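S.K.: This is the structure I want to talk about, given as structure tokens.
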Amino acid sequence: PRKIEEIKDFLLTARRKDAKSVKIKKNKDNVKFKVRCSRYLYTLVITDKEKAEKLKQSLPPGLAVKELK
Amino acid sequence: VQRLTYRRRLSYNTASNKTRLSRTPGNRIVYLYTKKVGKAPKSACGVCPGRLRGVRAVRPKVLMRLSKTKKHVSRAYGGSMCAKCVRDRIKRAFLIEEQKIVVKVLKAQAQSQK
Amino acid sequence: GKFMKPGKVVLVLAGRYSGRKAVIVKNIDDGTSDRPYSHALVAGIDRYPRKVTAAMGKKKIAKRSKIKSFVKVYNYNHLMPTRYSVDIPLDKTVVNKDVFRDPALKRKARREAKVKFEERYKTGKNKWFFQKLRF
RNA sequence: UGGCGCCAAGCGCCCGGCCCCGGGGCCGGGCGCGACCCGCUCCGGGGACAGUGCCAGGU
RNA sequence: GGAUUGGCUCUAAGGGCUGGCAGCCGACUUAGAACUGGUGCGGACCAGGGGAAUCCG
RNA sequence: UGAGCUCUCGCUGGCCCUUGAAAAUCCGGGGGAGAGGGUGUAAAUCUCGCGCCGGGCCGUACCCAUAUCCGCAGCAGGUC
RNA sequence: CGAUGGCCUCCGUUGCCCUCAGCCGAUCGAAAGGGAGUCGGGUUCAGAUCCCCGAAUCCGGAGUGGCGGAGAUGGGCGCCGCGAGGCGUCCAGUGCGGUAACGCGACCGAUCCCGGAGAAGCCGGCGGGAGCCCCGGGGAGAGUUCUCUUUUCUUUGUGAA
Ligand SMILES: [Mg+2]
Ligand SMILES: [Mg+2]
Ligand SMILES: [Mg+2]
Ligand SMILES: [Mg+2]
Ligand SMILES: [Mg+2]
Ligand SMILES: [Mg+2]
Ligand SMILES: [Mg+2]
Ligand SMILES: [Zn+2]
């Protein structure tokens with residue numbers, strides 16, 4: 001697993017051809033975006049909430065999204 | 001207290017059957033088999049008893065997958081000889097060269113006098 | 001008296017540049033504030049010219065006889081002085097202790113040192129200074 | 001003095017290809033000194049004795 | 001070759017951290033004393049009999 | 001919180017008329033034979049990051065001991 | 001030198017010549033010696049580091065290498081342009097920093113040579129880190145409650161990389 005700490009490189013890895021699916025985990029005080037690539041699983045952690053759901057529509061349309069309920 | 005067993009078929013406490021305790025997410029104590037401890041390379045001087053700095057101390061076949069900088073230090077003879085012995089070698093080479101030069105010039109002077 | 005003058009040839013004794021031959025361009029026998037130890041700014045050659053010979057074309061001669069130089073300030077304990085000296089002129093304004101505050105004009109200083117080293121080496125004088133030390 | 005040392009320098013004599021103006025330039029090869037010559041055992045040490053084969057006597 | 005050994009209630013000594021002192025924490029020890037039991041206290045378990053000599057190695 | 005027990009890492013010392021393995025495999029260095037390009041769409045070359053494909057054959061159950069082993073046996077023995 | 005295939009480019013495949021050079025001896029010999037690299041959760045009547053789920057990792061391979069990044073893009077002169085920036089000639093460019101221990105994401109290189117790791121006894125003392133045990137509390141569930149007991153017991157976590 002690899003943690004992504006700045007905002008934009010997460011989208012950069014998300015738009016790679018290798019990426020399979022992104023799953024959204026919504027626990028208290030954190031929001032985790034997990035993108036599954038061939039080699040690693042990249043996790044981006046957002047502390048607040050508003051960045052999270054204004055990014056939720058910024059993922060590429062062709063990439064599968066799964067909300068963990 | 002949970003007494004625990006081996007996980008391989010080797011039931012003897014040899015040098016390769018070395019384990020350590022670990023707590024799994026399942027809240028249990030299990031054996032994890034440990035790799036043998038590596039050694040940093042020894043200096044090519046043959047006198048300094050310590051081991052070289054700046055080089056990872058891992059088993060020899062793990063060197064195949066390390067990067068070049070992790071296996072050596074950027075200096076002449078770096079990664080195989082210690083800095084103190086490098087300095088001594090440098091001084092020795094220069095001084096023997098100077099000694100040879102002065103000996104040859106003295107021989108030339110003696111021949112000229114002869 | 002003092003022998004380590006601003007024209008001396010010095011065998012560098014430590015660091016990445018070990019075993020190289022340099023020329024002192026400005027010595028300071030009394031440590032300054034940022035450097036209490038006595039030191040000196042020197043210009044050396046990192047890549048000695050290759051062993052050139054006859055029976056090869058001058059394009060190959062020029063390709064082989066090319067120097068890579070470095071400019072650095074060294075502690076006196078890391079410098080071994082010799083009895084040799086080279087009268088090669090180095091421009092004080094370009095090559096000075098102020099060269100280390102940026103990486104722009106350090107390239108200029110190395111450029112000037114390399115050019116001067118090449119034009120002196122081509123003459124054949126001070127040939128000892130241009131052969132690597134075998135150690 | 002707890003250093004380095006190989007895979008020729010140099011010199012001499014030939015040759016090829018390309019270009020420029022028989023000459024010059026450019027590129028690329030060969031041979032020989034450097035590293036002397038001639039010889040019939042690789043060097044030493046023993047040697048017609050050690051040793052071996054077959055007989056004879058002693059133990 | 002001698003003496004003691006239980007239980008209970010105490011006393012004294014042996015330290016750390018923070019700001020000759022003050023405060024806050026603390027781990028097992030050792031010694032001494034009183035009281036007390038139908039003289040019993042290494043109460044089960046664990047746990048060397050001893051001495052004087054001779055022969056041999 | 002602990003001279004508590006076990007494992008492990010490390011430092012240091014003692015003993016030897018005892019000095020207490022080899023090879024496979026891997027790595028660093030010294031050298032500098034070679035290669036690249038003529039100022040760019042730069043080239044040769046990269047032990048850096050990511051990406052693509054594959055990893056064949058054999059063993060794998062259970063007992064491991066006052067009843068699955070050897071003692072003629074469901075043997076008070078023996079067995080790392 | 002000779003021939004072939006692929007846009008006969010550049011390389012591959014050979015066949016011949018020149019050149020280069022040791023073996024410690026074929027081979028066998030360890031399911032406890034050396035030996036790269038997998039862990040957690042779930043699942044069966046009987047199998048799990050092997051099945052499923054999820055996270056990894058080692059080795060090997062690839063005409064066109066699939067791609068980024070490094071090698072890398074600077075200086076001088078004559079200029080244009082107010083400048084910014086843009087032209088025409090030369091010159092460099094197989095990385096850089098720290099006094100040093102050394103550091104940085106890579107940072108050309110063959111035959112040859114040197115070295116290291118593999119690769120080391122027994123015992124003693126001490127220290128560090130884990131697992132276990134122990135003490136004071138918060139929870140959750142149980143046991144005793146003739147009298148007492150803020151009580152007694154169980155449980156209270158995180159893999160590899
Ligand atoms: Mg084994
Ligand atoms: Mg008697
Ligand atoms: Mg006896
Ligand atoms: Mg089994
Ligand atoms: Mg074998
Ligand atoms: Mg084996
Ligand atoms: Mg853990
Ligand atoms: Zn040394």
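Labels for the structure tokens follow display order: chains A, B, ..., residues from 1 in each chain, ligands from 1.
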For ligand 1, collect every residue having any atom at a distance of at most 9 Å from a ligand atom (counting only C-alpha atoms (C1' of nucleotides) and all ligand atoms); output as a list in words.

M.R.: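 I would give the residues around ligand 1 as residues 10, 14, 15, 16 and 17 of chain B; 30, 31, 32, 33, 34 and 35 of chain G.
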
S.K.: What do you get as a PyMOL selection string if you pick all residues at most 10 Å from ligand 4, counting only C-alpha atoms (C1' of nucleotides) and all ligand atoms?

M.R.: (chain B and resi 9) or (chain F and resi 60-62) or (chain G and resi 47-48)

S.K.: Just want the residues within 12 Å of ligand 2, written as a PyMOL selection string, counting only C-alpha atoms (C1' of nucleotides) and all ligand atoms.

M.R.: chain E and resi 53-55

S.K.: Region 85-97 of chain C: which residues within 10 Å, counting only C-alpha atoms (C1' of nucleotides), same-chain residues fewer than 5 positions away excluded, as a PyMOL selection string?

M.R.: chain C and resi 5-10+22-26+40-43+71-73+105-106+108-113+116-117+119-120+125-126+129

S.K.: Show me which residues line ligand 8, defined as having an atom within 8 Å of a ligand atom where only C-alpha atoms (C1' of nucleotides) and all ligand atoms count, and present them as a list in words.

M.R.: residues 43, 44, 45, 46, 47, 48, 49, 81, 82, 83, 84, 85 and 86 of chain B

S.K.: For residue 80 (chain C), work out the shell of residues within 7 Å, counting only C-alpha atoms (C1' of nucleotides) and skipping chain neighbours fewer than 6 positions away, then give it as a ChimeraX atom specification.

M.R.: /C:10-13

S.K.: Please, which residues have at least one atom within 8 Å of an atom of ligand 7, using only C-alpha atoms (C1' of nucleotides) and all ligand atoms, listed as a PDB file with N, CA, C and O atoms (P, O5', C5', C4', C3', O3' and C1' of nucleotides), in the first residue's frame?

M.R.:
ATOM      1  N   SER B  22       4.471 -12.771  17.047  1.00  0.00           N
ATOM      2  CA  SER B  22       3.751 -11.628  16.509  1.00  0.00           C
ATOM      3  C   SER B  22       2.266 -11.791  16.785  1.00  0.00           C
ATOM      4  O   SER B  22       1.751 -12.910  16.861  1.00  0.00           O
ATOM      5  N   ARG B  23       1.584 -10.658  16.932  1.00  0.00           N
ATOM      6  CA  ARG B  23       0.151 -10.631  17.186  1.00  0.00           C
ATOM      7  C   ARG B  23      -0.589 -10.340  15.889  1.00  0.00           C
ATOM      8  O   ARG B  23      -0.485  -9.238  15.344  1.00  0.00           O
ATOM      9  N   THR B  24      -1.331 -11.320  15.402  1.00  0.00           N
ATOM     10  CA  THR B  24      -2.118 -11.153  14.197  1.00  0.00           C
ATOM     11  C   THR B  24      -3.372 -10.335  14.491  1.00  0.00           C
ATOM     12  O   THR B  24      -3.809 -10.246  15.640  1.00  0.00           O
TER      13      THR B  24
ATOM     14  P     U G 158      -2.132  -4.271  19.106  1.00  0.00           P
ATOM     15  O5'   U G 158      -2.044  -4.550  17.545  1.00  0.00           O
ATOM     16  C5'   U G 158      -1.461  -5.749  17.067  1.00  0.00           C
ATOM     17  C4'   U G 158      -1.887  -6.051  15.655  1.00  0.00           C
ATOM     18  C3'   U G 158      -1.498  -5.030  14.602  1.00  0.00           C
ATOM     19  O3'   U G 158      -0.126  -5.158  14.242  1.00  0.00           O
ATOM     20  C1'   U G 158      -3.746  -5.729  14.281  1.00  0.00           C
ATOM     21  P     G G 159       0.440  -4.899  12.757  1.00  0.00           P
ATOM     22  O5'   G G 159       0.292  -6.313  12.042  1.00  0.00           O
ATOM     23  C5'   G G 159       0.855  -7.480  12.624  1.00  0.00           C
ATOM     24  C4'   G G 159       1.005  -8.596  11.618  1.00  0.00           C
ATOM     25  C3'   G G 159       1.959  -8.332  10.466  1.00  0.00           C
ATOM     26  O3'   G G 159       3.307  -8.585  10.817  1.00  0.00           O
ATOM     27  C1'   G G 159      -0.065  -9.233   9.634  1.00  0.00           C
TER      28        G G 159
END

S.K.: Just how far from CA of residue 14 (chain A) is CA of residue 69 (chain A), in Å to one decimal?

M.R.: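 Rounded to one decimal, the two atoms are 21.6 Å apart.
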
S.K.: Do you know which residues are within 12 Å of ligand 5 using only C-alpha atoms (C1' of nucleotides) and all ligand atoms? Can you write them as a PDB file with N, CA and C atoms (P, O5', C5', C4', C3', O3' and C1' of nucleotides), in the first residue's frame?

M.R.:
ATOM      1  P     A F  23      35.895 -22.829  -1.021  1.00  0.00           P
ATOM      2  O5'   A F  23      34.804 -23.028  -2.161  1.00  0.00           O
ATOM      3  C5'   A F  23      34.827 -24.179  -2.988  1.00  0.00           C
ATOM      4  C4'   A F  23      33.435 -24.627  -3.344  1.00  0.00           C
ATOM      5  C3'   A F  23      32.531 -23.566  -3.944  1.00  0.00           C
ATOM      6  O3'   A F  23      32.756 -23.371  -5.328  1.00  0.00           O
ATOM      7  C1'   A F  23      31.369 -24.714  -2.246  1.00  0.00           C
ATOM      8  P     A F  24      32.345 -21.986  -6.024  1.00  0.00           P
ATOM      9  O5'   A F  24      30.768 -22.096  -6.201  1.00  0.00           O
ATOM     10  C5'   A F  24      30.198 -23.118  -7.001  1.00  0.00           C
ATOM     11  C4'   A F  24      28.708 -23.219  -6.791  1.00  0.00           C
ATOM     12  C3'   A F  24      27.916 -21.954  -7.066  1.00  0.00           C
ATOM     13  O3'   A F  24      27.622 -21.794  -8.441  1.00  0.00           O
ATOM     14  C1'   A F  24      27.239 -22.887  -4.999  1.00  0.00           C
TER      15        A F  24
ATOM     16  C1'   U G  27      29.826 -37.055 -11.616  1.00  0.00           C
ATOM     17  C3'   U G  27      28.096 -35.450 -11.420  1.00  0.00           C
ATOM     18  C4'   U G  27      28.599 -35.496 -12.849  1.00  0.00           C
ATOM     19  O3'   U G  27      26.706 -35.192 -11.332  1.00  0.00           O
ATOM     20  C5'   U G  27      28.809 -34.164 -13.523  1.00  0.00           C
ATOM     21  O5'   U G  27      29.818 -33.404 -12.877  1.00  0.00           O
ATOM     22  P     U G  27      30.694 -32.357 -13.695  1.00  0.00           P
ATOM     23  P     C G  28      26.110 -34.394 -10.073  1.00  0.00           P
ATOM     24  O5'   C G  28      26.047 -35.488  -8.920  1.00  0.00           O
ATOM     25  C5'   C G  28      25.317 -36.690  -9.102  1.00  0.00           C
ATOM     26  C4'   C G  28      25.603 -37.680  -8.005  1.00  0.00           C
ATOM     27  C3'   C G  28      25.341 -37.201  -6.587  1.00  0.00           C
ATOM     28  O3'   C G  28      23.974 -37.306  -6.227  1.00  0.00           O
ATOM     29  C1'   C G  28      27.437 -38.302  -6.694  1.00  0.00           C
ATOM     30  P     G G  29      23.316 -36.272  -5.193  1.00  0.00           P
ATOM     31  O5'   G G  29      24.153 -36.474  -3.857  1.00  0.00           O
ATOM     32  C5'   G G  29      23.989 -37.636  -3.060  1.00  0.00           C
ATOM     33  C4'   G G  29      24.898 -37.607  -1.859  1.00  0.00           C
ATOM     34  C3'   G G  29      24.866 -36.329  -1.042  1.00  0.00           C
ATOM     35  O3'   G G  29      23.784 -36.291  -0.134  1.00  0.00           O
ATOM     36  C1'   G G  29      27.105 -36.935  -1.452  1.00  0.00           C
ATOM     37  P     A G  30      22.377 -35.666  -0.578  1.00  0.00           P
ATOM     38  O5'   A G  30      21.747 -35.169   0.793  1.00  0.00           O
ATOM     39  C5'   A G  30      21.768 -36.008   1.941  1.00  0.00           C
ATOM     40  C4'   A G  30      21.526 -35.226   3.206  1.00  0.00           C
ATOM     41  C3'   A G  30      20.471 -34.129   3.098  1.00  0.00           C
ATOM     42  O3'   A G  30      19.757 -34.032   4.330  1.00  0.00           O
ATOM     43  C1'   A G  30      22.523 -33.188   3.776  1.00  0.00           C
TER      44        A G  30
END

S.K.: Using only C-alpha atoms (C1' of nucleotides), what table do you get, as JSON lines, when you list each residue of region 10-37 of chain A with an atom no more than 12 Å from region 52-67 of chain G, its nearest pair of atoms, and their distance in Å rounded to one decimal, rows by chain then rising number?

M.R.:
{"residue": "A:16", "atom": "CA", "partner": "G:67", "partner_atom": "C1'", "distance": 11.4}
{"residue": "A:17", "atom": "CA", "partner": "G:67", "partner_atom": "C1'", "distance": 11.5}
{"residue": "A:36", "atom": "CA", "partner": "G:55", "partner_atom": "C1'", "distance": 10.9}

S.K.: For chain C against chain G, which residues fall within 12 Å using only C-alpha atoms (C1' of nucleotides), given as a count of residues only?

M.R.: 44

S.K.: Report the residues of chain C whose backbone DSSP state falls under alpha helix (DSSP H), written as a PDB file with N, CA and C atoms, in the first residue's frame.

M.R.:
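Result went into selection-v7.pdb, see below:
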ATOM      1  N   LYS C  58      43.874  13.086 -34.797  1.00  0.00           N
ATOM      2  CA  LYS C  58      43.776  14.219 -33.881  1.00  0.00           C
ATOM      3  C   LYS C  58      42.346  14.469 -33.428  1.00  0.00           C
ATOM      4  N   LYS C  59      41.344  13.974 -34.155  1.00  0.00           N
ATOM      5  CA  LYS C  59      39.998  13.978 -33.592  1.00  0.00           C
ATOM      6  C   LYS C  59      39.947  13.126 -32.331  1.00  0.00           C
ATOM      7  N   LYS C  60      40.543  11.934 -32.387  1.00  0.00           N
ATOM      8  CA  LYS C  60      40.661  11.112 -31.189  1.00  0.00           C
ATOM      9  C   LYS C  60      41.544  11.783 -30.147  1.00  0.00           C
ATOM     10  N   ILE C  61      42.597  12.474 -30.588  1.00  0.00           N
ATOM     11  CA  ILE C  61      43.489  13.163 -29.656  1.00  0.00           C
ATOM     12  C   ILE C  61      42.712  14.208 -28.868  1.00  0.00           C
ATOM     13  N   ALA C  62      41.924  15.021 -29.573  1.00  0.00           N
ATOM     14  CA  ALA C  62      41.129  16.051 -28.922  1.00  0.00           C
ATOM     15  C   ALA C  62      40.070  15.435 -28.023  1.00  0.00           C
ATOM     16  N   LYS C  63      39.431  14.355 -28.476  1.00  0.00           N
ATOM     17  CA  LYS C  63      38.406  13.719 -27.658  1.00  0.00           C
ATOM     18  C   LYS C  63      38.995  13.174 -26.363  1.00  0.00           C
ATOM     19  N   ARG C  64      40.196  12.600 -26.429  1.00  0.00           N
ATOM     20  CA  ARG C  64      40.803  12.030 -25.231  1.00  0.00           C
ATOM     21  C   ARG C  64      41.356  13.111 -24.311  1.00  0.00           C
ATOM     22  N   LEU C 105      27.025  30.611 -11.131  1.00  0.00           N
ATOM     23  CA  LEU C 105      28.387  31.008 -11.455  1.00  0.00           C
ATOM     24  C   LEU C 105      29.435  30.004 -10.993  1.00  0.00           C
ATOM     25  N   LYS C 106      29.057  29.007 -10.193  1.00  0.00           N
ATOM     26  CA  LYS C 106      29.978  27.904  -9.942  1.00  0.00           C
ATOM     27  C   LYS C 106      30.276  27.151 -11.230  1.00  0.00           C
ATOM     28  N   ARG C 107      29.266  26.995 -12.086  1.00  0.00           N
ATOM     29  CA  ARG C 107      29.501  26.411 -13.399  1.00  0.00           C
ATOM     30  C   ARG C 107      30.462  27.266 -14.211  1.00  0.00           C
ATOM     31  N   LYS C 108      30.342  28.591 -14.112  1.00  0.00           N
ATOM     32  CA  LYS C 108      31.277  29.470 -14.809  1.00  0.00           C
ATOM     33  C   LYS C 108      32.696  29.287 -14.288  1.00  0.00           C
ATOM     34  N   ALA C 109      32.848  29.180 -12.969  1.00  0.00           N
ATOM     35  CA  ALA C 109      34.174  28.977 -12.394  1.00  0.00           C
ATOM     36  C   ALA C 109      34.779  27.662 -12.866  1.00  0.00           C
ATOM     37  N   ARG C 110      33.987  26.589 -12.854  1.00  0.00           N
ATOM     38  CA  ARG C 110      34.482  25.305 -13.339  1.00  0.00           C
ATOM     39  C   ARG C 110      34.818  25.368 -14.822  1.00  0.00           C
ATOM     40  N   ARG C 111      33.996  26.066 -15.606  1.00  0.00           N
ATOM     41  CA  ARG C 111      34.278  26.262 -17.022  1.00  0.00           C
ATOM     42  C   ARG C 111      35.624  26.937 -17.232  1.00  0.00           C
ATOM     43  N   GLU C 112      35.861  28.042 -16.526  1.00  0.00           N
ATOM     44  CA  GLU C 112      37.114  28.770 -16.698  1.00  0.00           C
ATOM     45  C   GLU C 112      38.297  27.912 -16.273  1.00  0.00           C
ATOM     46  N   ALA C 113      38.166  27.206 -15.147  1.00  0.00           N
ATOM     47  CA  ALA C 113      39.250  26.341 -14.692  1.00  0.00           C
ATOM     48  C   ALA C 113      39.542  25.242 -15.703  1.00  0.00           C
ATOM     49  N   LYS C 114      38.496  24.622 -16.250  1.00  0.00           N
ATOM     50  CA  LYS C 114      38.683  23.558 -17.228  1.00  0.00           C
ATOM     51  C   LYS C 114      39.360  24.080 -18.486  1.00  0.00           C
ATOM     52  N   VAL C 115      38.937  25.250 -18.966  1.00  0.00           N
ATOM     53  CA  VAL C 115      39.530  25.818 -20.175  1.00  0.00           C
ATOM     54  C   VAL C 115      41.009  26.104 -19.956  1.00  0.00           C
ATOM     55  N   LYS C 116      41.336  26.732 -18.824  1.00  0.00           N
ATOM     56  CA  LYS C 116      42.732  27.040 -18.542  1.00  0.00           C
ATOM     57  C   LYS C 116      43.559  25.768 -18.396  1.00  0.00           C
ATOM     58  N   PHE C 117      43.015  24.763 -17.714  1.00  0.00           N
ATOM     59  CA  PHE C 117      43.745  23.515 -17.556  1.00  0.00           C
ATOM     60  C   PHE C 117      44.021  22.872 -18.905  1.00  0.00           C
ATOM     61  N   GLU C 118      43.036  22.880 -19.808  1.00  0.00           N
ATOM     62  CA  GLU C 118      43.265  22.306 -21.129  1.00  0.00           C
ATOM     63  C   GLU C 118      44.334  23.069 -21.898  1.00  0.00           C
ATOM     64  N   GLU C 119      44.275  24.407 -21.896  1.00  0.00           N
ATOM     65  CA  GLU C 119      45.212  25.106 -22.770  1.00  0.00           C
ATOM     66  C   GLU C 119      46.625  25.005 -22.219  1.00  0.00           C
ATOM     67  N   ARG C 120      46.766  24.848 -20.900  1.00  0.00           N
ATOM     68  CA  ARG C 120      48.090  24.612 -20.337  1.00  0.00           C
ATOM     69  C   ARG C 120      48.565  23.189 -20.600  1.00  0.00           C
ATOM     70  N   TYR C 121      47.664  22.210 -20.495  1.00  0.00           N
ATOM     71  CA  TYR C 121      48.046  20.819 -20.703  1.00  0.00           C
ATOM     72  C   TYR C 121      48.489  20.576 -22.135  1.00  0.00           C
TER      73      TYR C 121
END

S.K.: Taking 6 positions as the minimum chain separation for residues in the same chain, which residues sit within 12 Å of residue 61 (chain A) when counting only C-alpha atoms (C1' of nucleotides)? Answer as an MDAnalysis selection string.

M.R.: chainID A and resid 14:15 21:22

S.K.: Can I get the selection written as a PDB file, in the first residue's frame, with C-alpha atoms?

M.R.:
ATOM      1  CA  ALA A  14      -6.378   7.579 -10.860  1.00  0.00           C
ATOM      2  CA  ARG A  15      -6.335   8.445 -14.557  1.00  0.00           C
ATOM      3  CA  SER A  21     -11.420   0.714  -9.378  1.00  0.00           C
ATOM      4  CA  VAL A  22     -11.686   3.345  -6.660  1.00  0.00           C
TER       5      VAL A  22
END

S.K.: Once you count only C-alpha atoms (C1' of nucleotides), which residues of chain D turn out to be within 9 Å of chain C? Could you give them as a ChimeraX atom specification?

M.R.: /D:3-4,9,26-27

S.K.: Within 7 Å of chain D, which residues of chain B are there when counting only C-alpha atoms (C1' of nucleotides)? Please give them as an mmCIF file with N, CA, C and O atoms, in the first residue's frame.

M.R.:
data_model
loop_
_atom_site.group_PDB
_atom_site.id
_atom_site.type_symbol
_atom_site.label_atom_id
_atom_site.label_comp_id
_atom_site.auth_asym_id
_atom_site.auth_seq_id
_atom_site.Cartn_x
_atom_site.Cartn_y
_atom_site.Cartn_z
ATOM 1 N N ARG B 89 47.147 5.130 2.114
ATOM 2 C CA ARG B 89 47.622 4.643 0.826
ATOM 3 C C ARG B 89 48.028 5.795 -0.081
ATOM 4 O O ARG B 89 49.038 5.717 -0.788
ATOM 5 N N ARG B 92 51.278 7.246 1.145
ATOM 6 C CA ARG B 92 52.364 6.311 0.893
ATOM 7 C C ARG B 92 52.770 6.319 -0.570
ATOM 8 O O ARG B 92 53.961 6.370 -0.886
ATOM 9 N N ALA B 93 51.799 6.277 -1.482
ATOM 10 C CA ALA B 93 52.131 6.285 -2.902
ATOM 11 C C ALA B 93 52.906 7.542 -3.267
ATOM 12 O O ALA B 93 53.966 7.473 -3.906
#

S.K.: Using only C-alpha atoms (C1' of nucleotides), determine which residues of chain G fall within 8 Å of chain B; present them as a PyMOL selection string.

M.R.: chain G and resi 32+36+40-41+49+102+115-118+130-132+157-159

S.K.: Using only C-alpha atoms (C1' of nucleotides) and a cut-off of 12 Å, which residues of chain A sit close to chain F? Please list them as a list in words.

M.R.: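 Interface list for chain A against chain F: residues 13, 16, 17, 18, 19, 37, 38, 39 and 40 of chain A.
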
S.K.: What does the structure give for the distance between CA of residue 76 (chain B) and CA of residue 18 (chain C), in Å to one decimal?

M.R.: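 Spanning CA of residue 76 (chain B) to CA of residue 18 (chain C) is a straight-line distance of 6.1 Å.
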
S.K.: What does the distance between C1' of residue 104 (chain G) and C1' of residue 70 (chain G) come to in Å, to one decimal place?

M.R.: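 Distance between the two atoms: 12.8 Å.
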
S.K.: If you count only C-alpha atoms (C1' of nucleotides), which residues fall within 8 Å of region 32-45 of chain F, apart from same-chain ones fewer than 6 positions away, as a list in words?

M.R.: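 My reading of the contact set: residues 71, 108, 109 and 110 of chain G.
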
S.K.: May I have the residues from that selection written out with N, CA and C atoms (P, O5', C5', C4', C3', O3' and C1' of nucleotides), as a PDB file, in the first residue's frame?

M.R.:
ATOM      1  P     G G  71      20.613  15.189 -15.996  1.00  0.00           P
ATOM      2  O5'   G G  71      21.415  14.205 -16.959  1.00  0.00           O
ATOM      3  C5'   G G  71      22.583  13.532 -16.513  1.00  0.00           C
ATOM      4  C4'   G G  71      23.185  12.691 -17.609  1.00  0.00           C
ATOM      5  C3'   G G  71      23.529  13.428 -18.893  1.00  0.00           C
ATOM      6  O3'   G G  71      24.781  14.087 -18.824  1.00  0.00           O
ATOM      7  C1'   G G  71      22.317  11.477 -19.417  1.00  0.00           C
ATOM      8  P     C G 108      28.160   5.894 -14.071  1.00  0.00           P
ATOM      9  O5'   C G 108      28.191   5.398 -15.585  1.00  0.00           O
ATOM     10  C5'   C G 108      27.027   5.477 -16.392  1.00  0.00           C
ATOM     11  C4'   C G 108      27.148   4.671 -17.663  1.00  0.00           C
ATOM     12  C3'   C G 108      28.022   3.430 -17.610  1.00  0.00           C
ATOM     13  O3'   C G 108      27.381   2.326 -16.998  1.00  0.00           O
ATOM     14  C1'   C G 108      28.446   4.628 -19.608  1.00  0.00           C
ATOM     15  P     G G 109      28.249   1.096 -16.426  1.00  0.00           P
ATOM     16  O5'   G G 109      29.371   0.869 -17.532  1.00  0.00           O
ATOM     17  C5'   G G 109      29.166  -0.068 -18.601  1.00  0.00           C
ATOM     18  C4'   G G 109      30.433  -0.234 -19.402  1.00  0.00           C
ATOM     19  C3'   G G 109      31.587  -0.903 -18.679  1.00  0.00           C
ATOM     20  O3'   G G 109      31.477  -2.314 -18.787  1.00  0.00           O
ATOM     21  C1'   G G 109      32.361   1.018 -19.834  1.00  0.00           C
ATOM     22  P     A G 110      32.242  -3.257 -17.756  1.00  0.00           P
ATOM     23  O5'   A G 110      32.921  -4.338 -18.706  1.00  0.00           O
ATOM     24  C5'   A G 110      32.181  -4.932 -19.783  1.00  0.00           C
ATOM     25  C4'   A G 110      33.107  -5.734 -20.661  1.00  0.00           C
ATOM     26  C3'   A G 110      34.232  -6.449 -19.921  1.00  0.00           C
ATOM     27  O3'   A G 110      33.836  -7.746 -19.484  1.00  0.00           O
ATOM     28  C1'   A G 110      35.143  -5.175 -21.686  1.00  0.00           C
TER      29        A G 110
END
